[PDB]
8 protein chains.
Amino acid sequence: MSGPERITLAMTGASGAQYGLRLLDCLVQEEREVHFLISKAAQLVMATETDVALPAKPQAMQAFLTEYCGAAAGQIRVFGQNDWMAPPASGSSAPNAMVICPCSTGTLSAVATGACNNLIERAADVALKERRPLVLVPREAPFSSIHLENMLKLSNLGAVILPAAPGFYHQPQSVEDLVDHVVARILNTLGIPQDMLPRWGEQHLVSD
Amino acid sequence: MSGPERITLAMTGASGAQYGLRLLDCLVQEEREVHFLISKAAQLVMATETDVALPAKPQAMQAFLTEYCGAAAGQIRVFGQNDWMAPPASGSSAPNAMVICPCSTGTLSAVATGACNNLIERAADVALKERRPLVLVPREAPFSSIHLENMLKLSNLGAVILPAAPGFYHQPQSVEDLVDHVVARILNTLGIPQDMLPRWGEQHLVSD
Amino acid sequence: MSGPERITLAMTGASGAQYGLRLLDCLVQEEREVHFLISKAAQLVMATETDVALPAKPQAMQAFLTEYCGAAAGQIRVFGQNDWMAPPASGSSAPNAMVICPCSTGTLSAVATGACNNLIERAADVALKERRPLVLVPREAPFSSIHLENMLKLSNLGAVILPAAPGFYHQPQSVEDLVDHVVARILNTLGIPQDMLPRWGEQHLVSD
Amino acid sequence: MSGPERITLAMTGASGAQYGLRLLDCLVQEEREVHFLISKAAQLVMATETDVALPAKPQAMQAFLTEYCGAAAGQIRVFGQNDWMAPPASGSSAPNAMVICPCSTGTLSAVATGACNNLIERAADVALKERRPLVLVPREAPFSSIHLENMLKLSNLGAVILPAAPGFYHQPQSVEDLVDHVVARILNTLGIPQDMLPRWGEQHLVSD
Amino acid sequence: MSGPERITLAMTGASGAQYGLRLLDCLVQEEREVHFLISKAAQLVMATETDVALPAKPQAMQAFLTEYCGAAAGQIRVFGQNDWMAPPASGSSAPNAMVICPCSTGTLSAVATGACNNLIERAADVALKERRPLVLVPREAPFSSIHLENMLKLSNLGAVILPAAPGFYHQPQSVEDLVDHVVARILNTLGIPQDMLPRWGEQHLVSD
Amino acid sequence: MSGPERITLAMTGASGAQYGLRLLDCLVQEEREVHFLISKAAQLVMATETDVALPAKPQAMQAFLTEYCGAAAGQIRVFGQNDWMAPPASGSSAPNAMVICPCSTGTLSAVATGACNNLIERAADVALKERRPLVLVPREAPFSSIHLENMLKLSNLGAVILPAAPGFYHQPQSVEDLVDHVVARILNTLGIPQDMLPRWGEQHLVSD
Amino acid sequence: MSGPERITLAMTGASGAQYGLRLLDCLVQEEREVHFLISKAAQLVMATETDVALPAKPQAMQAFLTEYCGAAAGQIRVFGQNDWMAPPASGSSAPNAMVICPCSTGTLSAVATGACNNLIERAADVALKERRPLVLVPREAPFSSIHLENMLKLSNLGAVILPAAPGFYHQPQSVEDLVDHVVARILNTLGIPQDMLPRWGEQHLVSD
Amino acid sequence: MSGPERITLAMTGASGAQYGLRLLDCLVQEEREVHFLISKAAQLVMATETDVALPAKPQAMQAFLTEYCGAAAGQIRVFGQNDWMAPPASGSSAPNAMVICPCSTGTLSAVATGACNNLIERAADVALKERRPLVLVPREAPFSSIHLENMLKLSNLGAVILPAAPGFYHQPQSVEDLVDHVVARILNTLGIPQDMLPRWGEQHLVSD
Ligand SMILES: Cc1cc2c(cc1C)N(C[C@H](O)[C@H](O)[C@H](O)COP(=O)(O)O)c1[nH]c(=O)[nH]c(=O)c1N2
Ligand SMILES: Cc1cc2c(cc1C)N(C[C@H](O)[C@H](O)[C@H](O)COP(=O)(O)O)c1[nH]c(=O)[nH]c(=O)c1N2
Ligand SMILES: Cc1cc2c(cc1C)N(C[C@H](O)[C@H](O)[C@H](O)COP(=O)(O)O)c1[nH]c(=O)[nH]c(=O)c1N2
Ligand SMILES: Cc1cc2c(cc1C)N(C[C@H](O)[C@H](O)[C@H](O)COP(=O)(O)O)c1[nH]c(=O)[nH]c(=O)c1N2
Ligand SMILES: Cc1cc2c(cc1C)N(C[C@H](O)[C@H](O)[C@H](O)COP(=O)(O)O)c1[nH]c(=O)[nH]c(=O)c1N2
Ligand SMILES: Cc1cc2c(cc1C)N(C[C@H](O)[C@H](O)[C@H](O)COP(=O)(O)O)c1[nH]c(=O)[nH]c(=O)c1N2
Ligand SMILES: Cc1cc2c(cc1C)N(C[C@H](O)[C@H](O)[C@H](O)COP(=O)(O)O)c1[nH]c(=O)[nH]c(=O)c1N2
Ligand SMILES: Cc1cc2c(cc1C)N(C[C@H](O)[C@H](O)[C@H](O)COP(=O)(O)O)c1[nH]c(=O)[nH]c(=O)c1N2
Ligand SMILES: CC(C)=CCOP(=O)(O)O
Ligand SMILES: CC(C)=CCOP(=O)(O)O
Ligand SMILES: CC(C)=CCOP(=O)(O)O
Ligand SMILES: CC(C)=CCOP(=O)(O)O
Ligand SMILES: CC(C)=CCOP(=O)(O)O
Ligand SMILES: CC(C)=CCOP(=O)(O)O
Ligand SMILES: CC(C)=CCOP(=O)(O)O
Ligand SMILES: CC(C)=CCOP(=O)(O)O
Ligand code: NA
Ligand code: NA
Ligand code: NA
Ligand code: NA
Ligand code: NA
Ligand code: NA
Ligand code: NA
Ligand code: NA
């Protein structure tokens, strides 16, 4: 297969819970193993913004997401916010790509400064020190200089700063079309197949 | 009235032509004078992404946008890309707020480095030196370190970097709802009334 | 009225005494209260460059400038260079805008580094810490890297660096026309009405 | 195959047109797809420095280079300098490696600052934000501090700064031998096979 | 003779066309060879601000300036904005001093960042890399932090940042006296004789 | 196979000769080709800290290490400290990964500043310019700010700074267990199989 | 006595619990007063890596460590993670030296940025502002640029960054010998007597 | 004569020995005194890349180069790599210009950091502190960020970074033509006459 076998998908408390759920669904349909992390604020966002009734505790959350996505048993692992026995907490784990989608400005700050106050932040710290893929999907507006300095520091170190800023150049007709544009960019960045966003200009052989 | 009487609205060639058109429409309905600038690439974006048939030359473009928006005669001024006789080209003009919506990464770069190769770039140079409002609405993903350094430099100088990253926390039901979220943020930043985005928590008096 | 009720006008020992005297005259005619400070070197410049016979001591200087400008009694206050009992020396004073016109490279340096060796330098230190308007009008050529670093530091902090560099785009016919161009820019920056410099392009509705 | 299937080859107006033509020829013989971009100044350089009579417009240029290189139909695509419908203009395109050979100091500057004034500059902006290979082949002497700061910024971000500085350690006998040394370095950097430059010390098992 | 035999004089689109014309006239009267460059915006400034009817195309412009200045045949060369065959485009040319008078903020930016979009910008790039004299005469007010950072970068590299800020310490009686003050500073910087500005204090042997 | 076919293993004069010898042994058992470099100080460390009687000259050293490791003929190449004919001295060599284990603070400094005083330092210079893997294993305590700045500069450029700081989270029972922890991290970083350090949490499917 | 009478010993959640326990034991045997702090993650590390059954709550933990170390009554104080009434929380306390052993990357980050989220982080903030000794013993590999920047910032301010990187130059025969090497370095840094690590070269009077 | 009477020419171990030999020959034919320094690695390069049989020790090397170049007795001085009695080692010597051609990345590093490990490095240290001409001719590809930072630091201090990157704009027909292009640039930088590279555009009086 193309791209990573395992993806750590962390959802944090920015608006845009739909991006993370749709990414999760695509990862599952591409038969990838997903190590799923979600912050307490992201649980509140998901309740506010969607009709998904996500259970609170990891074992029930795992059963629920497995059913919601049509995943195979064991395909989605869920790890709690202080579970240092989970693979993402150590660089001696098997390699994963990591995506924080959406990424709050507070989680952006923790990753940029190296805070390790929960398993999402430790997992990102591990991705950076092991030079494993790390994609952050910030959703905020305006971006202040504090946000921008934190994004710049991480981008300089090879993290991919992929804002939740959908493009309109395929004439979107629904909210779902805009969500899929951003999710397709994430999948493209990871090297994972996707058929929601065509390859720009692939059939264009010479200028008019 | 609250907020600026005059707004220089520049559209450049990032995806998201719908944001600039909807902003223009709101500015007109709030009875503001709009100095409208559009780049050659933005004209191509508008043709690709919308069904608006915008005429090419300033005088016809002015007549068209006046009709499209229901504007009063003279409310929308259109200035061409080398018209140094227009108000935005000089700091001795009457004060305007300026918005570049959407803002391409190339126009972001020109503004951050002080290039003055067309009237949009000179207008932003003037806003910064006169300390008049300047709002940039970048639409790009990922943001590279070059983008981020350019945004950081301008934000440090007081420009507002407002990415086209809509929020979902009022349960959007259409593309138009997401466009209106971003446009409402711009209007809020300018100090101009808007009724598309409620005031978060205004009725919340104490925690549960 | 528009703009500040009170302006601290400091003259320091750069060439261009005529700019400060003409600014003083305009401020008086707009019925503003002026807290007037002048350095010992600026007194020598004024004697060299003009026919104004400015008395040396504050009380006589106050009487003289009141007559020279046609000011109301008490409209121009004059404070000596170590008078820490004057309003500009403390941030607990009533708010003023401040202009140093002209600004020597030596006073530019003191303001940029926070030296507080006389009341002009302390007044600027107070403007910066209170976030009250501060406009510097440097007159020097060439500008060395030391000058430029000092100007950059202050501009980054929100001071307005307005060099004594008049524009020619209204066909000046006299020295006085060039002096008035710079003074009009200062008044525009302060938000004070002026009729010497028209609003560029105000009557220009569309490009040719 | 080893290395990228598609290469965006941009020629800009530095001396050394022979490097870009020889690279193009090698890429074609390795059966790679080439998206060919050339600046207006580079067309003047190619006329000055070589006997290649390159047609001006993209469709004729494509036919000419196809014949000149012995390429298969469709193997060389040519895109004009404002053709935003071409794959290199968008990060949603299929992935290419990109080489700017030769790279003028002016194109180096545009890439380092994020200017996007033509399709070569936008293509490089896209390579950087997508973290796709970008190789710059500057040809200039001396290198000023402005050149060097621009090269350093891009190298820090992962672009390969490969100056047109041939090596002599295989006893070159012709201009073509020196051109081939630089082209072999570019091919090595891309991961594409080449037999012009041997693998240094491959047969050396222990020190004398 | 003292000072450079050849001067590249570039005029760009800042206010102050009179400074460049008066400099040109002085250079001619000192029997210097002048390589004259003028931007399209500077042509518009010259029409706005002066009664000089400068022809548009280089050959007619050369004939006109030769007559206007009383120059010898061949003393003033005029080169168009993309003429890479002119001496200033290459560091292998015979050495010139270069002055950009006046210097727009946009040309200041291009020189500071190394953009090479026309022959004025390439000529300055060449002056810096060859360590040949480069004098910039910016005319703008206020100077923003973007302007100031660009001036500081170039001054640190040895360019002379000489703002169009005339001095008043010889009691100017006309616009022409102020223009001559700035032109005399430029000539002094180049090492070229001038008799418009006396040598300050040359007859002062001891303090009073 | 997974990971690099060839590894340049340089040992320098920090304490921890056992790490480099154990790494060499693992590389040999994974059937990798090893280009072995050792500094004069590292030879003294190996004599002090181990019972390995390493011969001084490259040909005898090669024979000895081949026997000590059970390597195939030609699998371990040894190159002397000024042998510029060896593959690591040139970027035109076949690609290797490089590890400096252990890495003295003096070799760390040389690599960070680009000193090229022996073949280890040149080899690292080549790895960085070719963007080939470079892993440094510093052993020092305390780390001063000079050490830390040198490590930071190289890590920013993509070198892996992997201190000889073993972990205890698998209950080590011997010196050899701690040495193997660090060697396993190096092998993991290179992408080479190892069975000394389990994959953390690989069997952990959900939180307790 | 030599060295500090009181040491704040904080253990945080890096691997290497044995270093902190052995340091505690040495401090007790040198009759020092120890203010003992341990994070919740460090309690989990100690359970994983050792057979020490450390009670959870401070009063029981104090009784246990007193017995485990053979300490005098009151010699070991234990303070909980939000006990702002403990001496380390205020710079008006009696002076202590402080050691964080081991130091997680997350606690390193908090100290470098000034976060004060628990008593360990506040205690370090106090040590830095009072210029009292602060020693950090990080255990991590690789060190990322985020780790390295945080270590560099603190080392520049006078904190001692002492990685858990034991030396082998006295022929260690057990895990305990390597642990004692690091603990001896810490004691040496504090100025406290130790007999585990000899004074290098103390008997060496002249070179061979 | 024009340009320096004495030139310190140092050859170091980059590829491009032919540039240094051809420069030496030109300097001799312009009747300049040459203080010739060559590193041990450069001697190996010269043997690899040329048929020049350069003797090893300074006195024989001096006799050989005198014959090879047709120099006058005493015109070429040769100084060994630790000869601190030679003029280049002290700033109290008579002034020379200095050229390092070719310049290895290792010698570039030493000069940028101030290492003074041999007479070439001390000579460059002296040139910089005395503000005497220093020209470095690096030959390397790619240039890494370490190379680029070292070149930038020195260029900022006034050293001329002149890469061995020949131009093709006079239609070179041989290796020797390309070598002569670079040597002519060096001679131009020093102010020494040369007739290998014409003065670009010297006969071009106006644009077509
Ligand atoms: C409905 C809703 C929507 C948002 C938020 C909150 C809620 C409840 N918050 C604030 C964010 O959740 C808060 O700063 C948390 O501290 C983030 O914690 P984590 O980073 O998820 O641990 C938030 N934060 C942010 O950076 N971007 C956003 O778009 C939003 N939007
Ligand atoms: C349909 C379409 C869509 C986009 C673009 C182009 C086109 C045709 N371009 C590229 C952009 O237009 C190009 O870099 C221009 O050079 C921008 O010029 P202006 O800044 O508008 O003068 C573009 N650029 C960018 O920064 N963000 C974007 O989202 C897009 N999207
Ligand atoms: C007639 C005349 C003209 C000038 C000056 C002096 C005199 C006597 N000085 C020098 C300046 O006065 C001197 O550096 C003082 O130290 C400035 O002191 P204050 O900053 O006014 O206290 C001066 N300084 C400067 O920065 N720009 C200028 O244009 C001039 N011109
Ligand atoms: C024959 C010839 C040779 C050269 C050039 C020109 C010409 C006509 N130019 C100048 C360069 O073309 C100019 O600055 C253009 O503006 C570059 O534009 P592009 O970057 O190609 O769009 C040039 N520029 C540069 O950076 N390095 C070089 O070696 C040369 N050599
Ligand atoms: C009459 C008039 C006066 C001015 C200008 C314009 C016109 C028409 N412009 C704007 C300037 O010409 C514009 O930014 C151009 O893009 C500059 O292009 P060049 O740098 O000359 O290629 C201008 N720009 C500037 O930096 N300083 C100035 O004083 C002025 N004044
Ligand atoms: C037994 C023994 C142990 C050590 C050392 C030496 C010896 C003899 N040295 C010092 C180091 O060898 C010295 O600074 C050399 O200059 C390093 O040279 P290389 O970098 O190997 O060429 C040393 N240096 C260092 O950075 N870390 C260390 O742990 C040690 N330990
Ligand atoms: C067994 C074991 C081993 C380790 C860890 C955990 C566990 C359970 N953690 C992760 C660390 O505990 C986590 O990031 C905590 O957030 C650290 O919190 P404190 O800094 O102690 O509050 C960890 N962290 C680190 O920086 N270095 C390390 O060596 C280890 N090793
Ligand atoms: C044939 C040949 C060719 C080259 C080299 C070597 C040899 C033998 N070396 C490596 C260089 O000589 C080495 O790093 C020395 O340490 C340089 O020492 P000096 O700076 O001359 O003392 C080398 N180094 C470099 O920076 N650029 C180059 O082009 C080459 N080419
Ligand atoms: C949870 C755990 C074993 C963390 C240690 O991981 P690593 O050695 O710091 O990569
Ligand atoms: C178009 C024009 C008059 C530009 C000059 O404006 P400003 O004095 O630079 O603010
Ligand atoms: C002259 C005086 C009372 C200075 C103190 O003012 P502030 O409190 O420092 O703003
Ligand atoms: C030409 C085009 C569709 C540009 C937009 O690309 P991207 O989403 O900015 O990578
Ligand atoms: C127009 C031209 C020949 C440019 C090349 O000049 P240079 O070698 O870059 O100084
Ligand atoms: C030993 C040698 C041929 C060094 C030159 O290598 P490279 O071209 O600098 O990568
Ligand atoms: C817990 C406490 C009294 C903290 C205040 O201490 P300090 O004055 O900030 O050193
Ligand atoms: C070899 C020698 C006398 C070096 C001292 O020179 P300088 O005084 O440091 O310029
Ligand atoms: Na923490
Ligand atoms: Na411009
Ligand atoms: Na003082
Ligand atoms: Na642009
Ligand atoms: Na350009
Ligand atoms: Na060296
Ligand atoms: Na806190
Ligand atoms: Na030395």
Side-chain angles (χ1 to χ4, degrees), chain D residues 13-20 44-46 48-51 102-103 135-179 181-182 184-186 188-189 200, chain H residues 13-20 44-46 48-51 102-103 135-179 181-182 184-186 188-189 200:
Chain D
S15 192
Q18 283 165 255
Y19 297 114
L44 303 165
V45 175
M46 195 176 282
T48 301
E49 296 192 342
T50 81
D51 289 319
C103 186
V135 182
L136 276 61
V137 186
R139 188 277 133 197
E140 181 59 276
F143 284 155
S144 75
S145 291
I146 291 177
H147 307 154
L148 292 163
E149 175 175 343
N150 286 338
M151 288 178 264
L152 178 56
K153 181 181 181 179
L154 292 169
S155 187
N156 280 348
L157 296 188
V160 174
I161 305 299
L162 197 165
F168 289 67
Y169 47 83
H170 291 294
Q171 300 87 28
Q173 302 295 128
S174 61
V175 171
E176 290 68 32
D177 280 346
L178 292 174
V179 169
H181 177 100
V182 173
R185 305 312 294 272
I186 299 168
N188 280 355
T189 297
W200 186 254
Chain H
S15 192
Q18 283 165 255
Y19 297 114
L44 303 165
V45 175
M46 195 176 282
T48 301
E49 296 192 342
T50 81
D51 289 319
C103 186
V135 182
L136 276 61
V137 186
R139 188 277 133 197
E140 181 59 276
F143 284 155
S144 75
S145 291
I146 291 177
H147 307 154
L148 292 163
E149 175 175 343
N150 286 338
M151 288 178 264
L152 178 56
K153 181 181 181 179
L154 292 169
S155 187
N156 280 348
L157 296 188
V160 174
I161 305 299
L162 197 165
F168 289 67
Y169 47 83
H170 291 294
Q171 300 87 28
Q173 302 295 128
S174 61
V175 171
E176 290 68 32
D177 280 346
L178 292 174
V179 169
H181 177 100
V182 173
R185 305 312 294 272
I186 299 168
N188 280 355
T189 297
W200 186 254

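Just so it is clear: chains get the letters A, B, ... in the order the sequence lines come, proteins before strands, and each one is counted from 1. Quick note: numbers below take in every heavy atom, side chains included, and nothing from hydrogens, waters or symmetry partners.
At a 4.5 Å heavy-atom cutoff, D:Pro102 makes no contact with chain H through either its backbone or its side chain. For D:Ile161, the parts sitting under 4.5 Å from any heavy atom of chain H are the backbone and the side chain alike. Residue H:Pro138 does not touch chain D at all, counting heavy-atom pairs closer than 4.5 Å. Contacts of D:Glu149 with chain H are made by both backbone and side-chain atoms, with heavy-atom separations under 4.5 Å. Proximity to chain H involves both the backbone and the side chain of D:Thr48, based on heavy atoms less than 4.5 angstrom apart. If you measure heavy-atom distances from D:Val160 to chain H, the contacts under 4.5 Å come from the side chain alone.
For the pair D:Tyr169 and H:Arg139, the tightest heavy-atom approach, listed with the atom from each and the gap, is CE2-NH1, 4.1 Å. Heavy-atom minimum distance, H:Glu140 versus D:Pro163: O-CG, 3.2 Å.
For the pair D:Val175 and H:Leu178, the minimum side-chain heavy-atom distance is below 4.5 Å.
Top candidate by heavy-atom pairs under 4.5 Å with chain D, chosen from H:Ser145, H:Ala165, H:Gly16, H:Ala14, is H:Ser145. Contact count versus chain D (heavy atoms, under 4.5 Å) is highest, among H:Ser174, H:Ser144, H:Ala141, for H:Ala141.
Partners of D:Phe143 by ring pair (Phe, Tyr, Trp, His ring centres under 6.0 Å), not counting sequence neighbours: none found. Taking the side chain to side chain contact (heavy atoms under 4.5 Å, CB included) definition, one finds that H:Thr50 meets it with H:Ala17, H:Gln18, H:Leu21, H:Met46, H:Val52, sequence neighbours left out.
Considering D:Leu154, D:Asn156, D:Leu152 as possible partners of H:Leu148, the one that fulfils the side-chain contact (heavy atoms from CB on, under 4.5 Å) test is D:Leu152.
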